[PDB]
Structures are given as structure tokens and as C-alpha cells.
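**Student:** Just entry-v9.cif, nothing more (mmCIF, N, CA and C atoms):
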```
data_protein
#
loop_
_atom_site.label_atom_id
_atom_site.label_comp_id
_atom_site.auth_asym_id
_atom_site.auth_seq_id
_atom_site.Cartn_x
_atom_site.Cartn_y
_atom_site.Cartn_z
N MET A 1 303.46 18.10 222.40
CA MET A 1 303.08 17.37 221.16
C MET A 1 301.96 18.04 220.32
N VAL A 2 300.73 18.23 220.81
CA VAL A 2 299.75 19.16 220.18
C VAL A 2 300.40 20.46 219.68
N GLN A 3 299.91 20.97 218.55
CA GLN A 3 300.24 22.25 217.95
C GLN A 3 298.92 22.92 217.53
N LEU A 4 298.55 24.05 218.16
CA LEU A 4 297.32 24.81 217.87
C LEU A 4 297.65 26.13 217.17
N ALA A 5 298.68 26.82 217.66
CA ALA A 5 299.10 28.12 217.16
C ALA A 5 300.61 28.38 217.31
N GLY A 6 301.27 27.84 218.35
CA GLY A 6 302.74 27.81 218.45
C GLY A 6 303.29 28.34 219.78
N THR A 7 304.37 29.12 219.71
CA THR A 7 305.01 29.77 220.86
C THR A 7 305.39 31.21 220.55
N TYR A 8 305.22 32.08 221.54
CA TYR A 8 305.37 33.52 221.45
C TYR A 8 306.30 34.04 222.54
N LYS A 9 307.39 34.70 222.15
CA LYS A 9 308.33 35.35 223.06
C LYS A 9 307.93 36.83 223.28
N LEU A 10 308.33 37.47 224.39
CA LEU A 10 308.04 38.90 224.58
C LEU A 10 308.80 39.78 223.58
N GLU A 11 308.05 40.54 222.79
CA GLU A 11 308.56 41.58 221.88
C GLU A 11 308.11 42.99 222.26
N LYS A 12 306.91 43.15 222.81
CA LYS A 12 306.34 44.47 223.09
C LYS A 12 305.63 44.51 224.43
N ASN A 13 306.22 45.19 225.41
CA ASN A 13 305.54 45.49 226.67
C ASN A 13 305.05 46.94 226.63
N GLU A 14 303.86 47.21 227.18
CA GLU A 14 303.30 48.56 227.36
C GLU A 14 302.54 48.61 228.67
N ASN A 15 302.25 49.81 229.19
CA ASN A 15 301.18 50.06 230.17
C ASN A 15 301.39 49.32 231.51
N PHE A 16 302.43 48.49 231.63
CA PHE A 16 303.07 48.03 232.86
C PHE A 16 303.38 49.22 233.76
N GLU A 17 303.76 50.36 233.16
CA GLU A 17 303.99 51.59 233.90
C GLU A 17 302.77 52.02 234.69
N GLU A 18 301.55 51.78 234.20
CA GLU A 18 300.33 52.16 234.90
C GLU A 18 299.99 51.21 236.05
N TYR A 19 300.09 49.87 235.95
CA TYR A 19 299.96 49.08 237.19
C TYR A 19 301.11 49.40 238.14
N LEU A 20 302.37 49.25 237.74
CA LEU A 20 303.53 49.46 238.60
C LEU A 20 303.57 50.87 239.23
N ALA A 21 303.12 51.92 238.54
CA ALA A 21 302.91 53.24 239.15
C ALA A 21 301.73 53.25 240.13
N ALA A 22 300.58 52.65 239.79
CA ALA A 22 299.48 52.43 240.74
C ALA A 22 299.95 51.79 242.06
N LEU A 23 300.96 50.91 242.00
CA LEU A 23 301.57 50.24 243.15
C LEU A 23 302.68 51.06 243.83
N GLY A 24 303.31 52.01 243.13
CA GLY A 24 304.36 52.89 243.66
C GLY A 24 305.79 52.60 243.17
N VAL A 25 305.96 52.06 241.97
CA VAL A 25 307.27 51.84 241.32
C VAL A 25 307.66 53.06 240.45
N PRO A 26 308.95 53.44 240.36
CA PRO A 26 309.44 54.59 239.58
C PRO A 26 309.31 54.35 238.07
N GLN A 27 308.71 55.29 237.31
CA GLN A 27 308.39 55.14 235.88
C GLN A 27 309.58 54.93 234.93
N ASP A 28 310.72 55.61 235.07
CA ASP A 28 311.82 55.49 234.11
C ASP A 28 312.54 54.15 234.24
N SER A 29 312.67 53.69 235.49
CA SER A 29 313.14 52.34 235.78
C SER A 29 312.10 51.28 235.37
N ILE A 30 310.80 51.50 235.61
CA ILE A 30 309.65 50.69 235.13
C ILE A 30 309.82 50.28 233.66
N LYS A 31 310.26 51.20 232.81
CA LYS A 31 310.44 51.00 231.37
C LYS A 31 311.73 50.24 231.02
N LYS A 32 312.67 50.09 231.95
CA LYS A 32 313.76 49.09 231.91
C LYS A 32 313.28 47.74 232.48
N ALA A 33 312.47 47.82 233.53
CA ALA A 33 312.06 46.73 234.40
C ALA A 33 311.07 45.76 233.76
N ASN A 34 310.01 46.30 233.16
CA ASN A 34 309.07 45.62 232.29
C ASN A 34 309.29 46.06 230.82
N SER A 35 310.51 46.43 230.43
CA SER A 35 310.84 46.57 228.99
C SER A 35 310.58 45.25 228.24
N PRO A 36 310.37 45.26 226.91
CA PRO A 36 310.49 44.05 226.12
C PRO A 36 311.96 43.63 225.97
N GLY A 37 312.22 42.63 225.13
CA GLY A 37 313.55 42.02 224.98
C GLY A 37 313.88 41.04 226.10
N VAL A 38 313.26 41.21 227.27
CA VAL A 38 313.12 40.16 228.28
C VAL A 38 312.68 38.87 227.61
N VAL A 39 313.36 37.77 227.90
CA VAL A 39 312.83 36.44 227.57
C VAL A 39 311.60 36.14 228.43
N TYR A 40 310.44 36.14 227.79
CA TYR A 40 309.26 35.40 228.22
C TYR A 40 309.03 34.27 227.19
N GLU A 41 308.45 33.13 227.56
CA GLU A 41 308.07 32.05 226.61
C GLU A 41 306.62 31.69 226.91
N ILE A 42 305.68 31.98 226.01
CA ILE A 42 304.32 31.42 226.09
C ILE A 42 304.12 30.42 224.95
N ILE A 43 303.98 29.15 225.29
CA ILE A 43 303.57 28.12 224.33
C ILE A 43 302.05 28.00 224.44
N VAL A 44 301.31 28.02 223.33
CA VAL A 44 299.88 27.64 223.36
C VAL A 44 299.51 26.74 222.20
N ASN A 45 299.01 25.57 222.59
CA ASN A 45 298.81 24.40 221.77
C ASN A 45 297.76 23.47 222.42
N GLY A 46 296.56 24.00 222.70
CA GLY A 46 295.39 23.21 223.13
C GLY A 46 295.65 22.45 224.43
N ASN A 47 295.85 21.13 224.34
CA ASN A 47 296.32 20.31 225.46
C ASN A 47 297.81 20.56 225.83
N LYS A 48 298.23 21.83 225.85
CA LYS A 48 299.58 22.34 226.08
C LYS A 48 299.53 23.88 226.16
N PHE A 49 299.52 24.46 227.37
CA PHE A 49 299.75 25.89 227.59
C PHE A 49 300.83 26.09 228.69
N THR A 50 301.74 27.04 228.47
CA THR A 50 302.96 27.31 229.27
C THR A 50 303.23 28.80 229.17
N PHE A 51 303.55 29.50 230.27
CA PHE A 51 304.05 30.89 230.28
C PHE A 51 305.20 31.01 231.28
N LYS A 52 306.37 31.46 230.84
CA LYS A 52 307.49 31.82 231.72
C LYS A 52 308.04 33.23 231.49
N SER A 53 308.80 33.72 232.45
CA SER A 53 309.64 34.91 232.41
C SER A 53 311.05 34.53 232.90
N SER A 54 312.08 35.09 232.27
CA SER A 54 313.50 34.79 232.51
C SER A 54 314.32 36.10 232.66
N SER A 55 313.67 37.19 233.06
CA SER A 55 314.15 38.59 233.14
C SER A 55 315.20 38.87 234.24
N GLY A 56 315.87 37.83 234.74
CA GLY A 56 316.62 37.86 236.01
C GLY A 56 316.00 36.93 237.05
N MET A 57 314.69 36.70 236.98
CA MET A 57 313.97 35.67 237.73
C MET A 57 313.66 34.50 236.81
N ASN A 58 313.86 33.28 237.30
CA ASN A 58 313.58 32.04 236.57
C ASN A 58 312.15 31.54 236.87
N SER A 59 311.12 32.22 236.35
CA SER A 59 309.71 32.00 236.73
C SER A 59 308.93 31.31 235.62
N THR A 60 308.31 30.15 235.88
CA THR A 60 307.79 29.26 234.83
C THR A 60 306.56 28.51 235.33
N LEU A 61 305.45 28.64 234.60
CA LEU A 61 304.14 28.08 234.97
C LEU A 61 303.43 27.46 233.76
N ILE A 62 302.34 26.72 234.00
CA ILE A 62 301.59 25.96 232.98
C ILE A 62 300.09 26.33 232.96
N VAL A 63 299.24 25.47 232.38
CA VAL A 63 297.78 25.60 232.34
C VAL A 63 297.24 25.62 233.76
N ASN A 64 296.37 26.58 234.11
CA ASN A 64 295.67 26.61 235.41
C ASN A 64 296.63 26.38 236.61
N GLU A 65 297.49 27.35 236.94
CA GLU A 65 298.46 27.26 238.03
C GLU A 65 298.65 28.60 238.76
N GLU A 66 299.70 28.74 239.57
CA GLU A 66 300.11 29.98 240.20
C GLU A 66 301.64 30.10 240.12
N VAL A 67 302.15 31.33 240.27
CA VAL A 67 303.58 31.64 240.44
C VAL A 67 303.76 32.98 241.16
N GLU A 68 304.89 33.16 241.84
CA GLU A 68 305.32 34.43 242.43
C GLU A 68 306.59 34.94 241.73
N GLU A 69 306.79 36.26 241.70
CA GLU A 69 307.98 36.86 241.09
C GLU A 69 308.25 38.27 241.62
N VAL A 70 309.46 38.47 242.14
CA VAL A 70 310.03 39.76 242.54
C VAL A 70 311.09 40.21 241.55
N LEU A 71 311.14 41.50 241.19
CA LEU A 71 312.13 42.02 240.24
C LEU A 71 312.87 43.23 240.81
N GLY A 72 314.16 43.36 240.51
CA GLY A 72 315.03 44.41 241.05
C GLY A 72 314.73 45.80 240.49
N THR A 73 314.86 45.97 239.16
CA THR A 73 314.49 47.18 238.40
C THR A 73 313.04 47.58 238.58
N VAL A 74 312.13 46.62 238.78
CA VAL A 74 310.71 46.93 239.03
C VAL A 74 310.47 47.25 240.51
N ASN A 75 311.43 46.96 241.39
CA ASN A 75 311.32 47.07 242.84
C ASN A 75 310.01 46.51 243.44
N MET A 76 309.44 45.49 242.79
CA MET A 76 308.07 45.00 243.02
C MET A 76 308.05 43.48 243.13
N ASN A 77 307.32 42.97 244.13
CA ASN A 77 307.22 41.56 244.51
C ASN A 77 305.75 41.15 244.56
N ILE A 78 305.29 40.44 243.52
CA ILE A 78 303.86 40.24 243.25
C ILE A 78 303.62 38.79 242.83
N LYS A 79 302.36 38.37 242.86
CA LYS A 79 301.99 36.99 242.54
C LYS A 79 300.92 36.92 241.46
N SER A 80 300.82 35.77 240.82
CA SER A 80 300.05 35.60 239.59
C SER A 80 299.46 34.19 239.52
N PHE A 81 298.13 34.10 239.48
CA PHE A 81 297.37 32.85 239.51
C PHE A 81 296.72 32.60 238.14
N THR A 82 297.34 31.78 237.29
CA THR A 82 296.86 31.47 235.94
C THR A 82 295.67 30.54 235.96
N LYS A 83 294.88 30.62 234.89
CA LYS A 83 293.63 29.88 234.71
C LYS A 83 293.17 29.93 233.26
N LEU A 84 292.62 28.83 232.74
CA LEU A 84 292.37 28.67 231.31
C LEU A 84 290.88 28.79 230.98
N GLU A 85 290.51 29.89 230.33
CA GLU A 85 289.15 30.21 229.92
C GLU A 85 288.96 29.87 228.43
N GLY A 86 289.36 28.64 228.08
CA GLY A 86 289.14 28.02 226.78
C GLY A 86 290.06 28.53 225.70
N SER A 87 289.58 29.44 224.85
CA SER A 87 290.40 30.10 223.83
C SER A 87 290.93 31.48 224.30
N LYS A 88 291.19 31.59 225.60
CA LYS A 88 292.01 32.62 226.24
C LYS A 88 292.49 32.12 227.61
N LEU A 89 293.69 32.50 228.02
CA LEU A 89 294.17 32.28 229.38
C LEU A 89 293.85 33.54 230.21
N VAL A 90 293.77 33.41 231.53
CA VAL A 90 293.63 34.51 232.50
C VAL A 90 294.72 34.33 233.56
N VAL A 91 295.22 35.39 234.21
CA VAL A 91 296.05 35.27 235.43
C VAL A 91 295.62 36.33 236.46
N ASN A 92 295.11 35.92 237.62
CA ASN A 92 294.82 36.87 238.69
C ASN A 92 296.15 37.37 239.27
N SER A 93 296.53 38.61 238.97
CA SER A 93 297.74 39.23 239.48
C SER A 93 297.42 39.97 240.77
N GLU A 94 297.87 39.42 241.89
CA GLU A 94 297.74 40.03 243.20
C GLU A 94 298.96 40.89 243.50
N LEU A 95 298.68 42.09 243.99
CA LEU A 95 299.66 43.11 244.32
C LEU A 95 299.60 43.26 245.86
N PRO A 96 300.60 42.72 246.60
CA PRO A 96 300.61 42.68 248.07
C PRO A 96 300.70 44.04 248.77
N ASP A 97 300.95 45.11 248.02
CA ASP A 97 300.94 46.50 248.47
C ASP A 97 299.52 47.03 248.76
N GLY A 98 298.49 46.33 248.27
CA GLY A 98 297.07 46.58 248.53
C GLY A 98 296.21 46.65 247.27
N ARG A 99 296.70 47.28 246.20
CA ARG A 99 295.93 47.52 244.96
C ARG A 99 296.02 46.31 244.02
N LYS A 100 295.44 45.19 244.47
CA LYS A 100 295.28 43.94 243.71
C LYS A 100 294.43 44.12 242.43
N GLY A 101 294.55 43.24 241.43
CA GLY A 101 293.74 43.28 240.19
C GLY A 101 293.66 41.94 239.45
N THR A 102 293.28 41.93 238.17
CA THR A 102 293.26 40.73 237.31
C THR A 102 293.90 40.99 235.95
N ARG A 103 294.90 40.18 235.59
CA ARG A 103 295.45 40.05 234.22
C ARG A 103 294.66 38.99 233.43
N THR A 104 294.58 39.14 232.11
CA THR A 104 294.03 38.20 231.13
C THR A 104 294.94 38.15 229.90
N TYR A 105 295.01 36.99 229.25
CA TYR A 105 295.97 36.62 228.21
C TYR A 105 295.26 36.02 226.97
N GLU A 106 295.06 36.82 225.92
CA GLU A 106 294.33 36.38 224.72
C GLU A 106 295.17 35.46 223.83
N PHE A 107 294.51 34.46 223.24
CA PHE A 107 295.13 33.51 222.31
C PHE A 107 295.08 34.03 220.87
N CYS A 108 296.27 34.30 220.30
CA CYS A 108 296.50 34.65 218.90
C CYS A 108 297.94 34.25 218.50
N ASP A 109 298.12 33.74 217.28
CA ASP A 109 299.42 33.28 216.76
C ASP A 109 300.40 34.43 216.45
N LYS A 110 299.92 35.49 215.78
CA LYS A 110 300.67 36.72 215.50
C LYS A 110 300.79 37.62 216.75
N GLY A 111 300.45 37.14 217.95
CA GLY A 111 300.48 37.95 219.17
C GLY A 111 299.58 37.46 220.28
N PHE A 112 300.20 37.01 221.36
CA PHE A 112 299.60 36.95 222.68
C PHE A 112 299.56 38.35 223.27
N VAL A 113 298.54 38.66 224.06
CA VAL A 113 298.47 39.93 224.80
C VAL A 113 298.03 39.66 226.21
N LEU A 114 298.82 40.13 227.18
CA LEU A 114 298.50 40.09 228.59
C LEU A 114 298.03 41.47 229.05
N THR A 115 296.72 41.70 229.22
CA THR A 115 296.20 42.94 229.81
C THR A 115 295.70 42.68 231.21
N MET A 116 295.97 43.56 232.16
CA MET A 116 295.15 43.67 233.37
C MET A 116 294.33 44.95 233.33
N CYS A 117 293.10 44.88 233.83
CA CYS A 117 292.30 46.07 234.10
C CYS A 117 291.69 46.06 235.52
N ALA A 118 292.10 47.05 236.32
CA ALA A 118 291.53 47.37 237.62
C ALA A 118 290.84 48.74 237.58
N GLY A 119 290.00 48.99 238.59
CA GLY A 119 289.31 50.28 238.77
C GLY A 119 290.24 51.41 239.22
N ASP A 120 291.48 51.05 239.57
CA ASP A 120 292.55 51.94 240.03
C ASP A 120 293.56 52.30 238.92
N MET A 121 293.70 51.47 237.86
CA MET A 121 294.69 51.57 236.75
C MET A 121 294.67 50.31 235.85
N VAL A 122 295.32 50.32 234.68
CA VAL A 122 295.41 49.15 233.75
C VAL A 122 296.86 48.81 233.35
N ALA A 123 297.14 47.66 232.69
CA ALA A 123 298.47 47.31 232.16
C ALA A 123 298.53 46.16 231.13
N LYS A 124 298.93 46.45 229.87
CA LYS A 124 298.90 45.50 228.73
C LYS A 124 300.20 45.30 227.93
N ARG A 125 300.62 44.04 227.77
CA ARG A 125 301.94 43.64 227.29
C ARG A 125 301.87 42.37 226.43
N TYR A 126 302.43 42.40 225.23
CA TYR A 126 302.18 41.41 224.19
C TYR A 126 303.41 40.62 223.71
N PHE A 127 303.27 39.29 223.79
CA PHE A 127 304.27 38.29 223.42
C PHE A 127 303.97 37.82 221.99
N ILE A 128 304.86 38.03 221.02
CA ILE A 128 304.61 37.69 219.61
C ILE A 128 305.44 36.45 219.23
N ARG A 129 304.95 35.65 218.27
CA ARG A 129 305.60 34.41 217.81
C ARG A 129 307.12 34.49 217.63
N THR A 130 307.79 33.38 217.97
CA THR A 130 309.25 33.16 217.79
C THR A 130 309.69 33.50 216.38
#
```
In C-alpha cells, write the structure found in this file.
**Tutor:**
Amino acid sequence: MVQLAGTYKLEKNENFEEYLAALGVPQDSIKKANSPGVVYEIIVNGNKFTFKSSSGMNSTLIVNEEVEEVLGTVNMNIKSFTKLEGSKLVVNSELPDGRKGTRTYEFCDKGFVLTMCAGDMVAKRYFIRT
């Protein structure tokens, strides 16, 4: 019901290759695996935040939650703990291979951006309005 800025689908993924390579996933498949054109849905509307992925996995979460997701092309099985830092969302992305890190998700209408930064590597991917 609330409307703050709207809903953003995945249009542009980048730098996923650097986390997924830090973990040991193949780069050319990585760019199919975390390519854009994948259905993601992030709704952000104050008393209403939602983020899903539909890339072959039916993965769907809300304000301050957790989710797990394994992907075939990414050959990677990882978990993600969302949390709401007011006018930005965060998700602690744990990598069970050992090189764990933190993703963060900025609030903007012309573009959501999900970046993680670890001391081992980084990864940033942006969901733009419907």
C-alpha cells in the first residue's frame, strides 16, 4: 500500500564475477549465471520492502530477513541475511566455501544497487525501475 519510490527489476549486473571468482566459480559462465535479464523484483516503499530472484531459483524475501540460493550456471550455493538500515537495505552474504562477506543495497528510484565489499574481492549489481 505505501509508495516511497516504487519497484526495480534487474537490468544491470556487474562485478559478480569478482565475488564468484574469489569463491572459485568459472568467469565466462559467471557472466551467464549472474547476467542481467534475470527476473529480480525489489519493491521499496517505506513500510514495504521486498527483494526476490527468479533466475531458475524461486527465491523471495522481505524487510529484515534471510534466504538461501544455489544456482546451476553459477555453480555456487550461498546465503543472504537482509536487514534495513533506514534509507538503505543491507544483506550479509555468507559464502560457505570460506570467503564470507557483506552485501549492501542502496535506495534510489532510477536504480537500486547491490554492492558487496570484502578484503578478498568486491561485487556490485543494480536493479532499475520497472
**Student:** Report the residues retrieved by the PyMOL selection byres ((chain A and resi 23-40) around 6) from the displayed file, expressed as a list in words.
**Tutor:** residues 8, 9, 10, 11, 12, 13, 17, 19, 20, 21, 22, 41, 42, 52, 53, 54, 55, 73 and 74 of chain A
**Student:** So what do you get for CA of residue 78 (chain A) versus atom C of residue 100 (chain A), distance-wise?
**Tutor:**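 CA of residue 78 (chain A) sits 10.2 Å away from atom C of residue 100 (chain A).
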**Student:** Based on DSSP run over this structure's backbone, return all residues of chain A in strand (DSSP E), as a CSV table (one decimal) with N, CA and C atoms, keeping the file's coordinate frame.
**Tutor:**
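The result, stored in states17.csv:
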```
chain,number,residue,atom,x,y,z
A,6,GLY,N,301.3,27.8,218.4
A,6,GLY,CA,302.7,27.8,218.4
A,6,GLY,C,303.3,28.3,219.8
A,7,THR,N,304.4,29.1,219.7
A,7,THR,CA,305.0,29.8,220.9
A,7,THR,C,305.4,31.2,220.6
A,8,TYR,N,305.2,32.1,221.5
A,8,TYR,CA,305.4,33.5,221.4
A,8,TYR,C,306.3,34.0,222.5
A,9,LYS,N,307.4,34.7,222.2
A,9,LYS,CA,308.3,35.4,223.1
A,9,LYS,C,307.9,36.8,223.3
A,10,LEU,N,308.3,37.5,224.4
A,10,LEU,CA,308.0,38.9,224.6
A,10,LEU,C,308.8,39.8,223.6
A,11,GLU,N,308.0,40.5,222.8
A,11,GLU,CA,308.6,41.6,221.9
A,11,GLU,C,308.1,43.0,222.3
A,12,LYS,N,306.9,43.2,222.8
A,12,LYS,CA,306.3,44.5,223.1
A,12,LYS,C,305.6,44.5,224.4
A,13,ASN,N,306.2,45.2,225.4
A,13,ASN,CA,305.5,45.5,226.7
A,13,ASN,C,305.0,46.9,226.6
A,40,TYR,N,310.4,36.1,227.8
A,40,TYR,CA,309.3,35.4,228.2
A,40,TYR,C,309.0,34.3,227.2
A,41,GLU,N,308.4,33.1,227.6
A,41,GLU,CA,308.1,32.0,226.6
A,41,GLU,C,306.6,31.7,226.9
A,42,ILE,N,305.7,32.0,226.0
A,42,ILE,CA,304.3,31.4,226.1
A,42,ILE,C,304.1,30.4,225.0
A,43,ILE,N,304.0,29.2,225.3
A,43,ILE,CA,303.6,28.1,224.3
A,43,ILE,C,302.0,28.0,224.4
A,44,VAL,N,301.3,28.0,223.3
A,44,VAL,CA,299.9,27.6,223.4
A,44,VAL,C,299.5,26.7,222.2
A,49,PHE,N,299.5,24.5,227.4
A,49,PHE,CA,299.8,25.9,227.6
A,49,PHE,C,300.8,26.1,228.7
A,50,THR,N,301.7,27.0,228.5
A,50,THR,CA,303.0,27.3,229.3
A,50,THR,C,303.2,28.8,229.2
A,51,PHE,N,303.6,29.5,230.3
A,51,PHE,CA,304.0,30.9,230.3
A,51,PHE,C,305.2,31.0,231.3
A,52,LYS,N,306.4,31.5,230.8
A,52,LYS,CA,307.5,31.8,231.7
A,52,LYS,C,308.0,33.2,231.5
A,53,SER,N,308.8,33.7,232.4
A,53,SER,CA,309.6,34.9,232.4
A,53,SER,C,311.0,34.5,232.9
A,59,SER,N,311.1,32.2,236.4
A,59,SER,CA,309.7,32.0,236.7
A,59,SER,C,308.9,31.3,235.6
A,60,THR,N,308.3,30.2,235.9
A,60,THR,CA,307.8,29.3,234.8
A,60,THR,C,306.6,28.5,235.3
A,61,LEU,N,305.4,28.6,234.6
A,61,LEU,CA,304.1,28.1,235.0
A,61,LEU,C,303.4,27.5,233.8
A,62,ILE,N,302.3,26.7,234.0
A,62,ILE,CA,301.6,26.0,233.0
A,62,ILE,C,300.1,26.3,233.0
A,66,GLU,N,299.7,28.7,239.6
A,66,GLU,CA,300.1,30.0,240.2
A,66,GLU,C,301.6,30.1,240.1
A,67,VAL,N,302.2,31.3,240.3
A,67,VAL,CA,303.6,31.6,240.4
A,67,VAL,C,303.8,33.0,241.2
A,68,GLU,N,304.9,33.2,241.8
A,68,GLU,CA,305.3,34.4,242.4
A,68,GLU,C,306.6,34.9,241.7
A,69,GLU,N,306.8,36.3,241.7
A,69,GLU,CA,308.0,36.9,241.1
A,69,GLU,C,308.2,38.3,241.6
A,70,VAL,N,309.5,38.5,242.1
A,70,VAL,CA,310.0,39.8,242.5
A,70,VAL,C,311.1,40.2,241.6
A,71,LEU,N,311.1,41.5,241.2
A,71,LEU,CA,312.1,42.0,240.2
A,71,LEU,C,312.9,43.2,240.8
A,76,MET,N,309.4,45.5,242.8
A,76,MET,CA,308.1,45.0,243.0
A,76,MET,C,308.0,43.5,243.1
A,77,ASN,N,307.3,43.0,244.1
A,77,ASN,CA,307.2,41.6,244.5
A,77,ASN,C,305.8,41.2,244.6
A,78,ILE,N,305.3,40.4,243.5
A,78,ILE,CA,303.9,40.2,243.2
A,78,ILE,C,303.6,38.8,242.8
A,79,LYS,N,302.4,38.4,242.9
A,79,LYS,CA,302.0,37.0,242.5
A,79,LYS,C,300.9,36.9,241.5
A,80,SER,N,300.8,35.8,240.8
A,80,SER,CA,300.0,35.6,239.6
A,80,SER,C,299.5,34.2,239.5
A,81,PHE,N,298.1,34.1,239.5
A,81,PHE,CA,297.4,32.8,239.5
A,81,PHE,C,296.7,32.6,238.1
A,82,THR,N,297.3,31.8,237.3
A,82,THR,CA,296.9,31.5,235.9
A,82,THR,C,295.7,30.5,236.0
A,83,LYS,N,294.9,30.6,234.9
A,83,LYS,CA,293.6,29.9,234.7
A,83,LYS,C,293.2,29.9,233.3
A,84,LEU,N,292.6,28.8,232.7
A,84,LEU,CA,292.4,28.7,231.3
A,84,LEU,C,290.9,28.8,231.0
A,88,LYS,N,291.2,31.6,225.6
A,88,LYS,CA,292.0,32.6,226.2
A,88,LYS,C,292.5,32.1,227.6
A,89,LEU,N,293.7,32.5,228.0
A,89,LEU,CA,294.2,32.3,229.4
A,89,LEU,C,293.8,33.5,230.2
A,90,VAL,N,293.8,33.4,231.5
A,90,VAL,CA,293.6,34.5,232.5
A,90,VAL,C,294.7,34.3,233.6
A,91,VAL,N,295.2,35.4,234.2
A,91,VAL,CA,296.0,35.3,235.4
A,91,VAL,C,295.6,36.3,236.5
A,92,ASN,N,295.1,35.9,237.6
A,92,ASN,CA,294.8,36.9,238.7
A,92,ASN,C,296.2,37.4,239.3
A,93,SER,N,296.5,38.6,239.0
A,93,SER,CA,297.7,39.2,239.5
A,93,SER,C,297.4,40.0,240.8
A,94,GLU,N,297.9,39.4,241.9
A,94,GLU,CA,297.7,40.0,243.2
A,94,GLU,C,299.0,40.9,243.5
A,103,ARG,N,294.9,40.2,235.6
A,103,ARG,CA,295.4,40.0,234.2
A,103,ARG,C,294.7,39.0,233.4
A,104,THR,N,294.6,39.1,232.1
A,104,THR,CA,294.0,38.2,231.1
A,104,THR,C,294.9,38.2,229.9
A,105,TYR,N,295.0,37.0,229.2
A,105,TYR,CA,296.0,36.6,228.2
A,105,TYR,C,295.3,36.0,227.0
A,106,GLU,N,295.1,36.8,225.9
A,106,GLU,CA,294.3,36.4,224.7
A,106,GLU,C,295.2,35.5,223.8
A,112,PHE,N,300.2,37.0,221.4
A,112,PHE,CA,299.6,37.0,222.7
A,112,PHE,C,299.6,38.4,223.3
A,113,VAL,N,298.5,38.7,224.1
A,113,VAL,CA,298.5,39.9,224.8
A,113,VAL,C,298.0,39.7,226.2
A,114,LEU,N,298.8,40.1,227.2
A,114,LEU,CA,298.5,40.1,228.6
A,114,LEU,C,298.0,41.5,229.0
A,115,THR,N,296.7,41.7,229.2
A,115,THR,CA,296.2,42.9,229.8
A,115,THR,C,295.7,42.7,231.2
A,116,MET,N,296.0,43.6,232.2
A,116,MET,CA,295.2,43.7,233.4
A,116,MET,C,294.3,45.0,233.3
A,117,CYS,N,293.1,44.9,233.8
A,117,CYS,CA,292.3,46.1,234.1
A,117,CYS,C,291.7,46.1,235.5
A,122,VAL,N,295.3,50.3,234.7
A,122,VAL,CA,295.4,49.2,233.8
A,122,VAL,C,296.9,48.8,233.4
A,123,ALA,N,297.1,47.7,232.7
A,123,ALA,CA,298.5,47.3,232.2
A,123,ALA,C,298.5,46.2,231.1
A,124,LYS,N,298.9,46.4,229.9
A,124,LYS,CA,298.9,45.5,228.7
A,124,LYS,C,300.2,45.3,227.9
A,125,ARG,N,300.6,44.0,227.8
A,125,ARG,CA,301.9,43.6,227.3
A,125,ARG,C,301.9,42.4,226.4
A,126,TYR,N,302.4,42.4,225.2
A,126,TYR,CA,302.2,41.4,224.2
A,126,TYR,C,303.4,40.6,223.7
A,127,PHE,N,303.3,39.3,223.8
A,127,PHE,CA,304.3,38.3,223.4
A,127,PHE,C,304.0,37.8,222.0
A,128,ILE,N,304.9,38.0,221.0
A,128,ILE,CA,304.6,37.7,219.6
A,128,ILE,C,305.4,36.4,219.2
A,129,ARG,N,305.0,35.6,218.3
A,129,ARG,CA,305.6,34.4,217.8
A,129,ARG,C,307.1,34.5,217.6
```
**Student:** From the options A:80, A:45, A:92, A:15, which residue's atoms come nearest to residue 108 (chain A), counting only C-alpha atoms?
**Tutor:**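 Closest candidate: A:45.
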**Student:** Name the residues that the PyMOL selection byres ((chain A and resi 64-71) around 8) picks from the file above, as a VMD selection string, using the file's chain letters and numbers.
**Tutor:** chain A and resid 33 49 to 50 55 to 63 72 to 85 89 to 91
**Student:** Report the distance between CA of residue 98 (chain A) and CA of residue 120 (chain A) in Å, rounded to one decimal place.
**Tutor:**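 Interatomic distance here is 11.0 Å.
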**Student:** Mind the document's chain letters and residue numbers, and return as a PyMOL selection string the residues of chain A that DSSP labels alpha helix (DSSP H).
**Tutor:** chain A and resi 16-23+27-33
**Student:** Taking all atoms of region 19-35 of chain A that the file lists, what box with edges along x, y and z, padded by 3 Å per side, do you get, with centre and edge lengths in Å to one decimal, as AutoDock Vina command-line options?
**Tutor:**
```
--center_x 306.6 --center_y 50.4 --center_z 236.0 --size_x 20.3 --size_y 16.4 --size_z 21.6
```
**Student:** Using atom N of residue 130 (chain A) and CA of residue 116 (chain A) as the two end points, give the distance in Å to one decimal.
**Tutor:**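 Computing it gives 22.4 Å between the two atoms.
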**Student:** Kindly add N, CA, C and O atoms to the incomplete region 29-35 of chain A and provide the output as a PDB file, in the frame of the given file.
**Tutor:**
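Below is the file that was written, selection.pdb:
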```pdb
ATOM      1  N   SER A  29     312.670  53.690 235.490  1.00  0.00           N
ATOM      2  CA  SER A  29     313.140  52.340 235.780  1.00  0.00           C
ATOM      3  C   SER A  29     312.100  51.280 235.370  1.00  0.00           C
ATOM      4  O   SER A  29     312.474  50.304 234.731  1.00  0.00           O
ATOM      5  N   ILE A  30     310.800  51.500 235.610  1.00  0.00           N
ATOM      6  CA  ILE A  30     309.650  50.690 235.130  1.00  0.00           C
ATOM      7  C   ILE A  30     309.820  50.280 233.660  1.00  0.00           C
ATOM      8  O   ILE A  30     309.585  49.119 233.309  1.00  0.00           O
ATOM      9  N   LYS A  31     310.260  51.200 232.810  1.00  0.00           N
ATOM     10  CA  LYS A  31     310.440  51.000 231.370  1.00  0.00           C
ATOM     11  C   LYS A  31     311.730  50.240 231.020  1.00  0.00           C
ATOM     12  O   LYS A  31     311.843  49.754 229.903  1.00  0.00           O
ATOM     13  N   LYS A  32     312.670  50.090 231.950  1.00  0.00           N
ATOM     14  CA  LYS A  32     313.760  49.090 231.910  1.00  0.00           C
ATOM     15  C   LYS A  32     313.280  47.740 232.480  1.00  0.00           C
ATOM     16  O   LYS A  32     313.581  46.666 231.967  1.00  0.00           O
ATOM     17  N   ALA A  33     312.470  47.820 233.530  1.00  0.00           N
ATOM     18  CA  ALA A  33     312.060  46.730 234.400  1.00  0.00           C
ATOM     19  C   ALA A  33     311.070  45.760 233.760  1.00  0.00           C
ATOM     20  O   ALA A  33     311.283  44.548 233.754  1.00  0.00           O
ATOM     21  N   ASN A  34     310.010  46.300 233.160  1.00  0.00           N
ATOM     22  CA  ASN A  34     309.070  45.620 232.290  1.00  0.00           C
ATOM     23  C   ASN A  34     309.290  46.060 230.820  1.00  0.00           C
ATOM     24  O   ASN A  34     308.352  46.057 230.031  1.00  0.00           O
ATOM     25  N   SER A  35     310.510  46.430 230.430  1.00  0.00           N
ATOM     26  CA  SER A  35     310.840  46.570 228.990  1.00  0.00           C
ATOM     27  C   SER A  35     310.580  45.250 228.240  1.00  0.00           C
ATOM     28  O   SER A  35     310.621  44.180 228.864  1.00  0.00           O
TER      29      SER A  35
END
```
